[PDB]
Structure formats: structure tokens, C-alpha cells
file my_file15.pdb (PDB, C-alpha atoms and all ligand atoms)
ATOM      1  CA  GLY T   1     -75.824  65.499-229.000
ATOM      2  CA  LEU T   2     -76.284  61.667-228.696
ATOM      3  CA  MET T   3     -78.835  62.046-225.770
ATOM      4  CA  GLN T   4     -82.220  60.785-227.137
ATOM      5  CA  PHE T   5     -85.556  60.941-225.297
ATOM      6  CA  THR T   6     -87.346  57.560-225.520
ATOM      7  CA  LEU T   7     -90.817  56.573-224.405
ATOM      8  CA  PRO T   8     -92.217  53.362-222.973
ATOM      9  CA  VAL T   9     -93.332  50.953-225.722
ATOM     10  CA  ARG T  10     -97.133  51.641-225.637
ATOM     11  CA  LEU T  11     -96.473  55.452-225.739
ATOM     12  CA  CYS T  12     -93.686  55.158-228.357
ATOM     13  CA  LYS T  13     -96.282  53.478-230.706
ATOM     14  CA  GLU T  14     -99.510  55.386-229.826
ATOM     15  CA  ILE T  15     -97.814  58.853-229.957
ATOM     16  CA  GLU T  16     -97.665  58.364-233.802
ATOM     17  CA  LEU T  17    -101.493  58.204-233.984
ATOM     18  CA  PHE T  18    -103.738  61.327-234.191
ATOM     19  CA  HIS T  19    -106.012  60.086-231.294
ATOM     20  CA  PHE T  20    -103.132  59.716-228.755
ATOM     21  CA  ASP T  21    -103.954  61.052-225.236
ATOM     22  CA  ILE T  22    -100.839  62.348-223.335
ATOM     23  CA  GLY T  23    -102.174  60.767-220.131
ATOM     24  CA  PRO T  24    -102.559  62.045-216.542
ATOM     25  CA  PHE T  25     -98.830  62.108-215.527
ATOM     26  CA  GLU T  26     -97.897  65.811-215.839
ATOM     27  CA  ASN T  27     -94.114  65.208-215.356
ATOM     28  CA  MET T  28     -93.953  63.069-218.548
ATOM     29  CA  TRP T  29     -95.385  65.948-220.706
ATOM     30  CA  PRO T  30     -92.099  67.954-221.220
ATOM     31  CA  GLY T  31     -90.343  64.730-222.325
ATOM     32  CA  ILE T  32     -93.215  63.736-224.699
ATOM     33  CA  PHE T  33     -92.840  67.252-226.251
ATOM     34  CA  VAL T  34     -89.004  66.993-226.658
ATOM     35  CA  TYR T  35     -89.543  63.464-228.043
ATOM     36  CA  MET T  36     -91.876  65.069-230.617
ATOM     37  CA  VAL T  37     -89.420  67.894-231.482
ATOM     38  CA  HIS T  38     -86.462  65.457-231.997
ATOM     39  CA  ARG T  39     -88.462  63.178-234.384
ATOM     40  CA  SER T  40     -90.211  66.063-236.218
ATOM     41  CA  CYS T  41     -87.280  68.471-236.519
ATOM     42  CA  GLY T  42     -84.086  66.602-235.517
ATOM     43  CA  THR T  43     -81.860  66.203-232.419
ATOM     44  CA  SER T  44     -79.892  69.388-233.546
ATOM     45  CA  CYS T  45     -82.829  71.883-234.058
ATOM     46  CA  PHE T  46     -82.593  73.183-230.438
ATOM     47  CA  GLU T  47     -79.953  73.271-227.671
ATOM     48  CA  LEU T  48     -81.590  70.781-225.213
ATOM     49  CA  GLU T  49     -80.655  72.917-222.120
ATOM     50  CA  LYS T  50     -82.349  76.018-223.740
ATOM     51  CA  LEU T  51     -85.362  73.994-224.943
ATOM     52  CA  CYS T  52     -85.909  72.556-221.393
ATOM     53  CA  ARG T  53     -85.681  76.025-219.780
ATOM     54  CA  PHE T  54     -88.132  77.355-222.441
ATOM     55  CA  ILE T  55     -90.638  74.456-221.911
ATOM     56  CA  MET T  56     -90.541  74.898-218.085
ATOM     57  CA  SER T  57     -91.121  78.715-218.403
ATOM     58  CA  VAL T  58     -93.976  78.042-220.864
ATOM     59  CA  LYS T  59     -95.498  75.530-218.397
ATOM     60  CA  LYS T  60     -95.383  78.039-215.465
ATOM     61  CA  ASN T  61     -97.204  80.738-217.548
ATOM     62  CA  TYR T  62    -100.162  78.375-218.179
ATOM     63  CA  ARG T  63    -102.762  78.854-215.412
ATOM     64  CA  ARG T  64    -104.649  76.193-213.403
ATOM     65  CA  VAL T  65    -107.921  76.501-215.393
ATOM     66  CA  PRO T  66    -110.196  73.537-216.252
ATOM     67  CA  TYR T  67    -109.337  73.351-220.037
ATOM     68  CA  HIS T  68    -107.032  76.186-221.328
ATOM     69  CA  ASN T  69    -104.048  74.737-219.455
ATOM     70  CA  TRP T  70    -100.668  73.066-219.905
ATOM     71  CA  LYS T  71    -102.353  69.755-220.863
ATOM     72  CA  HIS T  72    -104.232  71.549-223.708
ATOM     73  CA  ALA T  73    -100.955  73.158-224.849
ATOM     74  CA  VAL T  74     -99.157  69.759-225.077
ATOM     75  CA  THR T  75    -102.219  67.989-226.646
ATOM     76  CA  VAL T  76    -102.413  70.726-229.391
ATOM     77  CA  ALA T  77     -98.628  70.346-230.004
ATOM     78  CA  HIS T  78     -99.066  66.566-230.340
ATOM     79  CA  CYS T  79    -101.815  66.996-233.040
ATOM     80  CA  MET T  80     -99.436  69.307-234.981
ATOM     81  CA  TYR T  81     -96.666  66.623-234.578
ATOM     82  CA  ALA T  82     -99.014  63.887-236.078
ATOM     83  CA  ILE T  83     -99.989  66.249-238.995
ATOM     84  CA  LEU T  84     -96.309  67.128-239.734
ATOM     85  CA  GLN T  85     -95.179  63.437-239.508
ATOM     86  CA  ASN T  86     -97.906  62.265-241.983
ATOM     87  CA  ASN T  87     -96.892  65.196-244.365
ATOM     88  CA  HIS T  88     -93.054  64.807-244.138
ATOM     89  CA  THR T  89     -92.044  66.541-247.432
ATOM     90  CA  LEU T  90     -94.640  69.414-247.594
ATOM     91  CA  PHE T  91     -93.129  71.639-244.770
ATOM     92  CA  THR T  92     -89.786  73.516-244.529
ATOM     93  CA  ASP T  93     -87.325  73.093-241.590
ATOM     94  CA  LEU T  94     -88.296  76.567-240.205
ATOM     95  CA  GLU T  95     -92.027  75.622-240.327
ATOM     96  CA  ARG T  96     -91.611  72.387-238.284
ATOM     97  CA  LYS T  97     -89.515  74.334-235.657
ATOM     98  CA  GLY T  98     -92.054  77.197-235.550
ATOM     99  CA  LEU T  99     -95.314  75.223-235.599
ATOM    100  CA  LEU T 100     -94.539  72.904-232.630
ATOM    101  CA  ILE T 101     -93.479  75.971-230.525
ATOM    102  CA  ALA T 102     -96.596  77.949-231.639
ATOM    103  CA  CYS T 103     -98.934  75.101-230.567
ATOM    104  CA  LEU T 104     -97.207  74.777-227.179
ATOM    105  CA  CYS T 105     -97.456  78.645-226.688
ATOM    106  CA  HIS T 106    -100.835  79.345-228.474
ATOM    107  CA  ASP T 107    -102.898  79.737-225.206
ATOM    108  CA  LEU T 108    -100.179  81.221-222.842
ATOM    109  CA  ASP T 109    -101.571  82.915-219.690
ATOM    110  CA  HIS T 110    -105.170  82.048-220.624
ATOM    111  CA  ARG T 111    -107.639  82.833-217.792
ATOM    112  CA  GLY T 112    -110.393  80.587-219.252
ATOM    113  CA  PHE T 113    -112.481  83.553-220.653
ATOM    114  CA  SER T 114    -113.428  84.476-224.273
ATOM    115  CA  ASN T 115    -112.359  87.678-226.123
ATOM    116  CA  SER T 116    -116.127  88.610-225.789
ATOM    117  CA  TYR T 117    -116.041  88.520-221.963
ATOM    118  CA  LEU T 118    -112.771  90.626-221.906
ATOM    119  CA  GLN T 119    -114.558  93.276-224.112
ATOM    120  CA  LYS T 120    -117.729  93.277-221.921
ATOM    121  CA  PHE T 121    -115.707  93.398-218.656
ATOM    122  CA  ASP T 122    -113.653  96.230-220.230
ATOM    123  CA  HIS T 123    -110.368  94.351-219.407
ATOM    124  CA  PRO T 124    -107.130  96.360-220.097
ATOM    125  CA  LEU T 125    -106.095  93.726-222.745
ATOM    126  CA  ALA T 126    -109.278  94.657-224.772
ATOM    127  CA  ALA T 127    -108.150  98.345-225.128
ATOM    128  CA  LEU T 128    -104.555  97.186-225.890
ATOM    129  CA  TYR T 129    -105.745  94.632-228.580
ATOM    130  CA  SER T 130    -109.179  95.412-230.128
ATOM    131  CA  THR T 131    -109.292  92.102-232.180
ATOM    132  CA  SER T 132    -107.902  88.601-231.453
ATOM    133  CA  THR T 133    -107.443  90.041-227.902
ATOM    134  CA  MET T 134    -106.225  86.918-226.018
ATOM    135  CA  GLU T 135    -104.264  85.683-229.066
ATOM    136  CA  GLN T 136    -102.225  88.937-229.444
ATOM    137  CA  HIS T 137    -101.534  88.401-225.687
ATOM    138  CA  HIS T 138    -100.480  84.694-226.233
ATOM    139  CA  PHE T 139     -98.009  85.851-228.942
ATOM    140  CA  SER T 140     -96.743  88.695-226.630
ATOM    141  CA  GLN T 141     -96.107  86.228-223.717
ATOM    142  CA  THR T 142     -94.348  83.846-226.148
ATOM    143  CA  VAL T 143     -91.941  86.638-227.296
ATOM    144  CA  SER T 144     -91.390  87.606-223.599
ATOM    145  CA  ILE T 145     -90.340  84.029-222.625
ATOM    146  CA  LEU T 146     -87.974  83.757-225.687
ATOM    147  CA  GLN T 147     -86.190  86.967-224.399
ATOM    148  CA  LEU T 148     -85.635  85.690-220.782
ATOM    149  CA  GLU T 149     -81.854  84.874-220.484
ATOM    150  CA  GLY T 150     -80.904  81.324-221.631
ATOM    151  CA  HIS T 151     -84.435  80.771-223.150
ATOM    152  CA  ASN T 152     -83.797  81.821-226.786
ATOM    153  CA  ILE T 153     -84.089  78.436-228.575
ATOM    154  CA  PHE T 154     -83.809  80.193-231.993
ATOM    155  CA  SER T 155     -80.439  81.961-231.192
ATOM    156  CA  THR T 156     -78.507  79.800-233.793
ATOM    157  CA  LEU T 157     -80.809  80.795-236.749
ATOM    158  CA  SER T 158     -79.616  83.673-239.042
ATOM    159  CA  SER T 159     -81.245  87.139-238.470
ATOM    160  CA  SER T 160     -83.644  86.490-241.399
ATOM    161  CA  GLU T 161     -84.417  82.832-240.432
ATOM    162  CA  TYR T 162     -85.187  84.227-236.924
ATOM    163  CA  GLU T 163     -87.571  86.911-238.307
ATOM    164  CA  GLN T 164     -89.236  84.269-240.577
ATOM    165  CA  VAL T 165     -89.859  81.861-237.628
ATOM    166  CA  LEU T 166     -91.331  84.584-235.273
ATOM    167  CA  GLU T 167     -93.565  85.528-238.249
ATOM    168  CA  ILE T 168     -94.626  81.822-238.667
ATOM    169  CA  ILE T 169     -95.388  81.706-234.872
ATOM    170  CA  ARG T 170     -97.322  85.037-234.811
ATOM    171  CA  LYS T 171     -99.589  84.077-237.748
ATOM    172  CA  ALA T 172    -100.023  80.487-236.346
ATOM    173  CA  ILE T 173    -101.120  81.838-232.896
ATOM    174  CA  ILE T 174    -103.332  84.635-234.337
ATOM    175  CA  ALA T 175    -104.981  81.920-236.547
ATOM    176  CA  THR T 176    -106.215  80.134-233.316
ATOM    177  CA  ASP T 177    -108.811  82.998-233.003
ATOM    178  CA  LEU T 178    -111.952  81.068-234.136
ATOM    179  CA  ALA T 179    -113.583  84.365-235.417
ATOM    180  CA  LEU T 180    -110.831  84.278-238.151
ATOM    181  CA  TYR T 181    -111.324  80.511-238.956
ATOM    182  CA  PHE T 182    -114.704  80.849-240.850
ATOM    183  CA  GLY T 183    -113.376  83.220-243.534
ATOM    184  CA  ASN T 184    -109.959  81.470-243.784
ATOM    185  CA  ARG T 185    -111.653  78.063-244.443
ATOM    186  CA  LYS T 186    -114.178  79.441-246.992
ATOM    187  CA  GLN T 187    -111.217  80.985-248.868
ATOM    188  CA  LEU T 188    -109.344  77.666-248.781
ATOM    189  CA  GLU T 189    -112.541  75.830-249.895
ATOM    190  CA  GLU T 190    -112.820  78.224-252.948
ATOM    191  CA  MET T 191    -109.066  77.948-253.896
ATOM    192  CA  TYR T 192    -109.173  74.085-253.626
ATOM    193  CA  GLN T 193    -112.473  73.732-255.663
ATOM    194  CA  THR T 194    -111.362  76.205-258.419
ATOM    195  CA  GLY T 195    -107.916  74.409-258.243
ATOM    196  CA  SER T 196    -106.067  77.768-257.671
ATOM    197  CA  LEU T 197    -104.601  76.493-254.325
ATOM    198  CA  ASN T 198    -100.798  76.905-254.685
ATOM    199  CA  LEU T 199     -98.547  75.679-251.824
ATOM    200  CA  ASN T 200     -95.533  77.731-253.253
ATOM    201  CA  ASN T 201     -97.575  80.960-252.752
ATOM    202  CA  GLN T 202     -96.709  82.286-249.240
ATOM    203  CA  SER T 203    -100.235  83.795-248.708
ATOM    204  CA  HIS T 204    -101.711  80.331-249.505
ATOM    205  CA  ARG T 205     -99.200  78.578-247.148
ATOM    206  CA  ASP T 206    -100.171  81.088-244.410
ATOM    207  CA  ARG T 207    -103.885  80.114-244.869
ATOM    208  CA  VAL T 208    -103.145  76.330-244.807
ATOM    209  CA  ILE T 209    -100.978  76.717-241.614
ATOM    210  CA  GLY T 210    -103.919  78.691-240.207
ATOM    211  CA  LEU T 211    -106.316  75.813-240.845
ATOM    212  CA  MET T 212    -103.821  73.238-239.399
ATOM    213  CA  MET T 213    -103.729  75.456-236.236
ATOM    214  CA  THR T 214    -107.547  75.458-235.939
ATOM    215  CA  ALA T 215    -107.500  71.681-236.578
ATOM    216  CA  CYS T 216    -104.831  71.073-233.839
ATOM    217  CA  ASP T 217    -106.583  73.361-231.377
ATOM    218  CA  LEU T 218    -109.944  71.526-231.819
ATOM    219  CA  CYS T 219    -108.303  68.052-231.669
ATOM    220  CA  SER T 220    -110.163  67.072-228.407
ATOM    221  CA  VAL T 221    -113.140  66.473-230.775
ATOM    222  CA  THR T 222    -111.068  63.775-232.609
ATOM    223  CA  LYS T 223    -110.119  61.553-229.599
ATOM    224  CA  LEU T 224    -111.613  58.210-228.574
ATOM    225  CA  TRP T 225    -115.183  58.885-227.349
ATOM    226  CA  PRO T 226    -114.339  58.532-223.608
ATOM    227  CA  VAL T 227    -111.479  61.145-223.891
ATOM    228  CA  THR T 228    -113.663  63.539-225.980
ATOM    229  CA  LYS T 229    -116.588  63.243-223.554
ATOM    230  CA  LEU T 230    -114.422  63.801-220.371
ATOM    231  CA  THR T 231    -112.631  66.776-222.052
ATOM    232  CA  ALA T 232    -116.055  68.329-222.891
ATOM    233  CA  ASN T 233    -116.686  68.599-219.031
ATOM    234  CA  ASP T 234    -113.498  70.777-218.665
ATOM    235  CA  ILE T 235    -114.595  72.823-221.740
ATOM    236  CA  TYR T 236    -118.069  73.413-220.228
ATOM    237  CA  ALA T 237    -116.634  74.069-216.719
ATOM    238  CA  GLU T 238    -114.897  77.136-218.263
ATOM    239  CA  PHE T 239    -118.033  78.162-220.249
ATOM    240  CA  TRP T 240    -120.216  78.009-217.084
ATOM    241  CA  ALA T 241    -117.673  80.111-215.047
ATOM    242  CA  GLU T 242    -117.761  82.700-217.919
ATOM    243  CA  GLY T 243    -121.610  82.530-217.867
ATOM    244  CA  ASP T 244    -121.544  83.150-214.069
ATOM    245  CA  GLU T 245    -119.312  86.260-214.702
ATOM    246  CA  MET T 246    -121.666  87.450-217.504
ATOM    247  CA  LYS T 247    -124.625  87.273-214.993
ATOM    248  CA  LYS T 248    -122.550  89.358-212.520
ATOM    249  CA  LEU T 249    -122.263  92.077-215.249
ATOM    250  CA  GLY T 250    -126.127  92.013-215.621
ATOM    251  CA  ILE T 251    -125.826  89.995-218.925
ATOM    252  CA  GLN T 252    -127.881  86.779-219.450
ATOM    253  CA  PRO T 253    -125.470  84.238-221.045
ATOM    254  CA  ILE T 254    -126.363  82.025-224.068
ATOM    255  CA  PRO T 255    -127.842  78.723-222.728
ATOM    256  CA  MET T 256    -124.591  76.781-223.668
ATOM    257  CA  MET T 257    -122.727  78.971-221.088
ATOM    258  CA  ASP T 258    -125.581  78.894-218.470
ATOM    259  CA  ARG T 259    -125.024  76.385-215.672
ATOM    260  CA  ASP T 260    -128.840  76.184-215.182
ATOM    261  CA  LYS T 261    -129.237  74.932-218.850
ATOM    262  CA  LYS T 262    -126.859  71.869-218.921
ATOM    263  CA  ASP T 263    -129.554  69.823-220.850
ATOM    264  CA  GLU T 264    -128.695  72.142-223.868
ATOM    265  CA  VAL T 265    -124.998  70.948-223.946
ATOM    266  CA  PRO T 266    -125.389  67.919-226.306
ATOM    267  CA  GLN T 267    -127.182  70.128-228.957
ATOM    268  CA  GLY T 268    -124.520  72.864-228.378
ATOM    269  CA  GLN T 269    -121.786  70.226-229.129
ATOM    270  CA  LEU T 270    -123.736  69.047-232.306
ATOM    271  CA  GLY T 271    -123.902  72.719-233.453
ATOM    272  CA  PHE T 272    -120.142  73.054-232.778
ATOM    273  CA  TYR T 273    -119.321  69.778-234.715
ATOM    274  CA  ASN T 274    -121.552  70.801-237.689
ATOM    275  CA  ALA T 275    -120.735  74.572-237.731
ATOM    276  CA  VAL T 276    -116.969  74.296-236.846
ATOM    277  CA  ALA T 277    -115.256  70.879-236.487
ATOM    278  CA  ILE T 278    -116.637  68.789-239.473
ATOM    279  CA  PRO T 279    -116.054  71.611-242.039
ATOM    280  CA  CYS T 280    -112.570  72.261-240.552
ATOM    281  CA  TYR T 281    -111.346  68.618-240.826
ATOM    282  CA  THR T 282    -113.182  68.214-244.245
ATOM    283  CA  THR T 283    -111.269  71.176-245.859
ATOM    284  CA  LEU T 284    -108.060  69.958-244.117
ATOM    285  CA  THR T 285    -108.520  66.385-245.517
ATOM    286  CA  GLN T 286    -109.002  67.979-249.014
ATOM    287  CA  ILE T 287    -105.649  69.879-248.868
ATOM    288  CA  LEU T 288    -103.725  67.319-246.670
ATOM    289  CA  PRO T 289    -105.145  63.865-247.495
ATOM    290  CA  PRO T 290    -103.153  62.011-244.775
ATOM    291  CA  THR T 291    -105.090  64.000-242.009
ATOM    292  CA  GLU T 292    -108.210  61.926-242.920
ATOM    293  CA  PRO T 293    -108.231  60.026-239.579
ATOM    294  CA  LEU T 294    -109.001  63.406-237.839
ATOM    295  CA  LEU T 295    -112.211  63.794-239.980
ATOM    296  CA  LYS T 296    -113.216  60.116-239.378
ATOM    297  CA  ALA T 297    -112.673  60.450-235.561
ATOM    298  CA  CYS T 298    -114.637  63.715-235.633
ATOM    299  CA  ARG T 299    -117.558  62.046-237.537
ATOM    300  CA  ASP T 300    -117.468  59.121-234.992
ATOM    301  CA  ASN T 301    -117.797  61.578-232.053
ATOM    302  CA  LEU T 302    -120.523  63.668-233.806
ATOM    303  CA  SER T 303    -122.433  60.341-233.972
ATOM    304  CA  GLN T 304    -121.724  59.642-230.226
ATOM    305  CA  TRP T 305    -123.170  63.110-229.317
ATOM    306  CA  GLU T 306    -126.292  62.367-231.476
ATOM    307  CA  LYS T 307    -126.655  59.124-229.340
ATOM    308  CA  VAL T 308    -126.432  61.255-226.112
ATOM    309  CA  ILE T 309    -129.466  63.381-227.345
ATOM    310  CA  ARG T 310    -131.463  60.250-228.466
ATOM    311  CA  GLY T 311    -131.153  59.166-224.747
ATOM    312  CA  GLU T 312    -129.054  56.031-225.696
ATOM    313  CA  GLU T 313    -126.263  57.484-223.384
TER     314      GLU T 313
HETATM  315  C1  LIG T 401    -115.956  78.733-229.051
HETATM  316  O1  LIG T 401    -117.236  78.019-228.778
HETATM  317  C2  LIG T 401    -117.152  76.680-228.571
HETATM  318  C3  LIG T 401    -118.375  76.012-228.420
HETATM  319  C4  LIG T 401    -118.281  74.654-228.154
HETATM  320  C5  LIG T 401    -117.035  74.000-228.126
HETATM  321  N1  LIG T 401    -116.938  72.625-227.921
HETATM  322  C6  LIG T 401    -115.722  71.946-228.086
HETATM  323  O2  LIG T 401    -115.706  70.703-228.165
HETATM  324  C7  LIG T 401    -114.537  72.763-228.243
HETATM  325  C8  LIG T 401    -113.192  72.436-228.415
HETATM  326  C9  LIG T 401    -112.594  71.088-228.449
HETATM  327  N2  LIG T 401    -112.461  73.610-228.524
HETATM  328  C10 LIG T 401    -113.313  74.640-228.448
HETATM  329  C11 LIG T 401    -112.851  76.032-228.506
HETATM  330  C12 LIG T 401    -112.385  76.533-229.705
HETATM  331  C13 LIG T 401    -111.963  77.854-229.701
HETATM  332  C14 LIG T 401    -111.894  78.650-228.552
HETATM  333  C15 LIG T 401    -112.356  78.159-227.326
HETATM  334  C16 LIG T 401    -112.798  76.839-227.334
HETATM  335 CL1  LIG T 401    -113.319  76.183-225.868
HETATM  336  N3  LIG T 401    -114.607  74.170-228.291
HETATM  337  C17 LIG T 401    -115.872  74.783-228.291
HETATM  338  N4  LIG T 401    -115.921  76.099-228.515
HETATM  339 MG    MG T 402    -106.781  80.170-227.688
HETATM  340 ZN    ZN T 403    -106.254  76.436-227.625
END
call {"tool": "encode", "arguments": {"input": "my_file15.pdb", "output": "C-alpha cells", "more": "lines below"}}
Ligand SMILES: COc1ccc2[nH]c(=O)c3c(C)nc(-c4ccccc4Cl)n3c2n1
Ligand SMILES: [Mg+2]
Ligand SMILES: [Zn+2]
result
Amino acid sequence: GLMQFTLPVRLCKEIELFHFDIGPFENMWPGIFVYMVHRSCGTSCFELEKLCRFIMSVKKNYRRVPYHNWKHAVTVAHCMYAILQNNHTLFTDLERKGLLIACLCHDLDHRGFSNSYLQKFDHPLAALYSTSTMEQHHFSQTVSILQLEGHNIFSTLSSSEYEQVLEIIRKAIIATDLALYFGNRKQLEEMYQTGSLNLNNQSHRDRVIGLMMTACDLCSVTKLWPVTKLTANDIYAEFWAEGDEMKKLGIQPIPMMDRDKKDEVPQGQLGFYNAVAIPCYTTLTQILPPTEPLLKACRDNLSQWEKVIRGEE
């Protein structure tokens, strides 16, 4: 019980900031995650032995893809940790437990391809799950790992606490489908502006957790410019692979995904900041005022990508 994870001093202090980068040392990532669980949730939330076996099974079911990998999983968890820590009193015990595990598991067994490519390939997962295809698969893999022997970190919840937390995790992971983000955010925008937003209404809580998930998942856009720029190479490495596979199906890919049209990246990042990221972190800052540094970092990086187009870098 009295066995704490501690971090070196620089990490101990920077982990508390939204723009923290987990660094290049893979073998420190499990311990950074447990560190985050203990401070967010408590040293009692999970049996450490179970939690470690769960984390190491989660890690093994992430593939070696340029972006949708174990490092993404941990990075997305860390954003959720910073959000929860700056909003201490707004979330229940079950929610903090659930949300850190959903972030860690939200892209399980990702092959680095969109739902659109699965549907055009005619992949078996597309006939199994017509909408949010990869995300119904990420939730399925999560449930599978929980049911391996000695991996059930929720075993000490009541039956009904257990069902609540798997329902928090399923909605949180489904919410990472960006096709669902647009409508969810518009709805939240309307409820905020007409002041009908009500955090004691479950349906409203679900929508706010959804937006937090989108915000955590996109958090590469909120890092210090050098991190955000180097991450965008991994992002585009996956898009260009997908574009290559589209061309093999006789389908010309959008220029963003076409590895002959790299010039069109900066403007494809601007479109993504203006159409997706800025509005996301704006609505989030309106409902959760302490997440304001995410919107500021995102505005800073939008401005860095504008500079890239203007030829200044
Ligand atoms: C889904 O289309 C895009 C387009 C550009 C980006 N650029 C980014 O910076 C980015 C980041 C940080 N995360 C995603 C993203 C979001 C949802 C699903 C897949 C990805 Cl790659 N994207 C992008 N996703
Ligand atoms: Mg995903
Ligand atoms: Zn993700």
C-alpha cells in the first residue's frame, strides 16, 4: 500500500503542465501512467500488481505504427490527467478511474488507417461495426484485456459501479470518433450559450466527457512548437501510407494524404486547427475554464503553421 511511484524532479514538476512531453524513454511510460493514476485517483484505486499486468497487456496490443501507438496512448492519458487535476471537484471517483483507462485504451490495436479506408477496403471490422468502426474495436479489445486472468483492475467495485465504469469507458472511447465530435460540440455550444448546460444531467456529463476525450486525443496540437511539428511528421506518415493504399484500390486520395502533394500539408494543418482544434479547445475552455492553457497553446501553434506557409520557416 505504502509503495509510491516518484519521478525525477524535472518530470515531477512538468508532468503537472498540459504541454508535458513523456519523452523518448519507452520503459518510463508505464511508471508515468501509474504515477498519474495514484495522484488522480489514489494509491488504493487499483491493485498495483493487476494494474501493471493490465498496462503491459495494453502496451503489447498497440502496434508499431508511426502515430497511433503506445506513445499516443500515454500522451492522451496524460492530457486527461492534467484536465482532471485542474478540475479536482467536478468529477466522481468512478469517472477519474474510467477516464484514465479509456485514454490509455482508446486506440488499441490501431493499424494506422481511417474508418473510411476500412469501409473502402471492405475490411471484416467494417461489416461487424458499420459506424465508429475502429472505435467499437478499441472498446472490444479493452473489454478483452480486462477479462484476461489477473487483469481485472475493477474487480473490487460493486456490480453496479463496475457496469457504470465500463459504460463511462465505452462512451469515452466511442467519443474519440471525430465524425461524432462536430455534432457533440455544436450541442455543447448551444447548451452553454442558452445557459441550459447542467453538469448534474447525465446526458450533459456524457457530452462534456466526450469533448474532453476529443481534446485529449488532439493534444499533440497543444505542445511546444518543436514537439507539435515533429509529431505532425508521424501523423502525415500514416496519412501517406493510407493514401498509397487508396491508390492501390484505384482511388485518388485527397492531397493531404498524397505523398506527391506534401506542399499542401501546412494548409491542411491550418484547416484542421480552424475546423477542428480551435473550436474544440474554445468550447472546452467555456465549460472547463482551467483548460485555457490548451486553447492558448493551440492558438500559438496555429500561428506557427501560418509562419510555415508565409515561408518564414
Ligand atoms: C482526421 O483528419 C486529420 C487531419 C489532420 C490532422 N492533423 C493533426 O494535427 C491531428 C492530430 C493531432 N490528431 C488527428 C487525428 C484526429 C482524429 C483521428 C485521426 C487523427 Cl490523425 N489529426 C489530424 N486529423
Ligand atoms: Mg482513435
Ligand atoms: Zn487517438
call {"tool": "resolve_selection", "arguments": {"input": "my_file15.pdb", "expression": "the PyMOL selection byres (((chain T and resi 7) around 12) and not hetatm)", "output": "ChimeraX atom specification"}}
result
/T:4-6,8-16,22,28-36
call {"tool": "resolve_selection", "arguments": {"input": "my_file15.pdb", "expression": "the PyMOL selection byres (((not hetatm)) within 7 of (chain T and resi 401))", "output": "list in words"}}
result
residues 177, 178, 217, 218, 219, 220, 221, 232, 235, 268, 269 and 272 of chain T
call {"tool": "residues_near_ligand", "arguments": {"input": "my_file15.pdb", "ligand": "ligand ZN 403 (chain T)", "cutoff": "7 Å", "atoms": "only C-alpha atoms and all ligand atoms", "output": "PyMOL selection string"}}
result
chain T and resi 68+72-73+106-107+176+217
call {"tool": "resolve_selection", "arguments": {"input": "my_file15.pdb", "expression": "the PyMOL selection byres (((chain T and resi 54) around 8) and not hetatm)", "output": "PyMOL selection string"}}
result
chain T and resi 50-53+55-58+145-146+151-153
call {"tool": "write_last_selection", "arguments": {"input": "my_file15.pdb", "atoms": "C-alpha atoms", "output": "mmCIF file, in the frame of the given file"}}
result
data_model
loop_
_atom_site.group_PDB
_atom_site.id
_atom_site.type_symbol
_atom_site.label_atom_id
_atom_site.label_comp_id
_atom_site.auth_asym_id
_atom_site.auth_seq_id
_atom_site.Cartn_x
_atom_site.Cartn_y
_atom_site.Cartn_z
ATOM 1 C CA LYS T 50 -82.349 76.018 -223.740
ATOM 2 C CA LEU T 51 -85.362 73.994 -224.943
ATOM 3 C CA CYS T 52 -85.909 72.556 -221.393
ATOM 4 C CA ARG T 53 -85.681 76.025 -219.780
ATOM 5 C CA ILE T 55 -90.638 74.456 -221.911
ATOM 6 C CA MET T 56 -90.541 74.898 -218.085
ATOM 7 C CA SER T 57 -91.121 78.715 -218.403
ATOM 8 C CA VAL T 58 -93.976 78.042 -220.864
ATOM 9 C CA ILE T 145 -90.340 84.029 -222.625
ATOM 10 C CA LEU T 146 -87.974 83.757 -225.687
ATOM 11 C CA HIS T 151 -84.435 80.771 -223.150
ATOM 12 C CA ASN T 152 -83.797 81.821 -226.786
ATOM 13 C CA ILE T 153 -84.089 78.436 -228.575
#
call {"tool": "closest_residue", "arguments": {"input": "my_file15.pdb", "among": "T:180, T:188, T:80, T:143", "to": "ligand MG 402 (chain T)", "atoms": "only C-alpha atoms and all ligand atoms"}}
result
T:180
call {"tool": "residues_near_ligand", "arguments": {"input": "my_file15.pdb", "ligand": "ligand MG 402 (chain T)", "cutoff": "12 Å", "atoms": "all atoms listed in the file", "output": "short mmCIF file (atom, residue, chain, number, x, y, z; two decimals) with C-alpha atoms, in the frame of the given file"}}
result
data_model
loop_
_atom_site.label_atom_id
_atom_site.label_comp_id
_atom_site.auth_asym_id
_atom_site.auth_seq_id
_atom_site.Cartn_x
_atom_site.Cartn_y
_atom_site.Cartn_z
CA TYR T 62 -100.16 78.38 -218.18
CA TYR T 67 -109.34 73.35 -220.04
CA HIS T 68 -107.03 76.19 -221.33
CA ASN T 69 -104.05 74.74 -219.46
CA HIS T 72 -104.23 71.55 -223.71
CA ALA T 73 -100.96 73.16 -224.85
CA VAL T 76 -102.41 70.73 -229.39
CA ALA T 102 -96.60 77.95 -231.64
CA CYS T 103 -98.93 75.10 -230.57
CA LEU T 104 -97.21 74.78 -227.18
CA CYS T 105 -97.46 78.64 -226.69
CA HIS T 106 -100.84 79.34 -228.47
CA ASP T 107 -102.90 79.74 -225.21
CA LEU T 108 -100.18 81.22 -222.84
CA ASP T 109 -101.57 82.92 -219.69
CA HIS T 110 -105.17 82.05 -220.62
CA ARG T 111 -107.64 82.83 -217.79
CA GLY T 112 -110.39 80.59 -219.25
CA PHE T 113 -112.48 83.55 -220.65
CA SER T 114 -113.43 84.48 -224.27
CA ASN T 115 -112.36 87.68 -226.12
CA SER T 132 -107.90 88.60 -231.45
CA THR T 133 -107.44 90.04 -227.90
CA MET T 134 -106.22 86.92 -226.02
CA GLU T 135 -104.26 85.68 -229.07
CA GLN T 136 -102.22 88.94 -229.44
CA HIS T 137 -101.53 88.40 -225.69
CA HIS T 138 -100.48 84.69 -226.23
CA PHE T 139 -98.01 85.85 -228.94
CA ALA T 172 -100.02 80.49 -236.35
CA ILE T 173 -101.12 81.84 -232.90
CA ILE T 174 -103.33 84.64 -234.34
CA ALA T 175 -104.98 81.92 -236.55
CA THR T 176 -106.22 80.13 -233.32
CA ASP T 177 -108.81 83.00 -233.00
CA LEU T 178 -111.95 81.07 -234.14
CA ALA T 179 -113.58 84.36 -235.42
CA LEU T 180 -110.83 84.28 -238.15
CA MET T 213 -103.73 75.46 -236.24
CA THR T 214 -107.55 75.46 -235.94
CA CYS T 216 -104.83 71.07 -233.84
CA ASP T 217 -106.58 73.36 -231.38
CA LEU T 218 -109.94 71.53 -231.82
#
call {"tool": "closest_residue", "arguments": {"input": "my_file15.pdb", "among": "T:96, T:205, T:261, T:63", "to": "residue 165 (chain T)", "atoms": "all atoms listed in the file"}}
result
T:96
call {"tool": "closest_residue", "arguments": {"input": "my_file15.pdb", "among": "T:65, T:225, T:241, T:281", "to": "residue 208 (chain T)", "atoms": "only C-alpha atoms"}}
result
T:281
call {"tool": "closest_residue", "arguments": {"input": "my_file15.pdb", "among": "T:157, T:237, T:41, T:230", "to": "residue 101 (chain T)", "atoms": "all atoms listed in the file"}}
result
T:41
call {"tool": "atom_distance", "arguments": {"input": "my_file15.pdb", "atom1": "CA of residue 200 (chain T)", "atom2": "CA of residue 43 (chain T)"}}
result
27.5 Å
